[PDB]
Amino acid sequence: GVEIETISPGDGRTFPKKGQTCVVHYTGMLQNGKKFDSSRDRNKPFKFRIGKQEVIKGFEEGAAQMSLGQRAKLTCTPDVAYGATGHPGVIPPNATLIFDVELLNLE
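Next up, the structure:
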């Protein structure tokens with residue numbers, strides 16, 4: 001399940017498609033917890049493409065439901081990211097994810 005709660009500004013029309021490589025300043029957050037991940041720290045804006053299952057499933061669908069310049073607010077279910085397994089030492093088992101996501105892409 002992907003829930004979008006948009007911080008508005010942008011265009012609302014340029015949507016990501018297959019074969020396109022997009023650029024995201026992501027920012028993680030644990031529910032009732034602290035940060036666990038940031039692209040704001042490293043200043044390297046995480047260039048990735050669409051459709052290769054590179055990212056987790058919850059972040060994947062929320063990337064397509066945005067447009068250029070927009071700023072969404074994801075909410076990922078446990079079964080789409082890590083929930084039974086848990087990423088070792090960083091994401092606990094049965095975790096619910098929050099993501100500050102800005103889509104400033106190309107192509």
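Residue 1 is where the sequence shown starts when you use the deposited numbering, and the numbers rise one by one after that. Even for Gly, the Cβ is constructed at its ideal location relative to N, Cα and C.
With distances taken between CA atoms, residue 55 lies nearest to 24 out of 14, 95 and 24. Residues of the same chain with a CB within less than 8 Å of the CB of residue 86, apart from the 5 flanking positions on each side, are 92, 93, 94 and 95 in chain order. In this structure, residue 26 sits away from residue 90, with a CB-CB distance that is not shorter than 7 Å. A contact between stretches requires three or more CB pairs, one per stretch, nearer than 8 Å, and the region 33-46 fails this requirement with the region 60-69.
In this structure residue 77 touches residue 58 by the C-beta definition: roughly 7 Å separates them, less than 8 Å.
Checking the DSSP bridge columns, you'll see residue 72 partnered with 101. At a Cβ-Cβ threshold of 7 Å, residue 36 and residue 28 count as neighbours. In the structure shown, residue 36 falls within a coil segment according to DSSP collapsed to helix, strand and coil. Each residue's CA atom was taken as its position, placing residue 72 and residue 88 some 27 Å apart.
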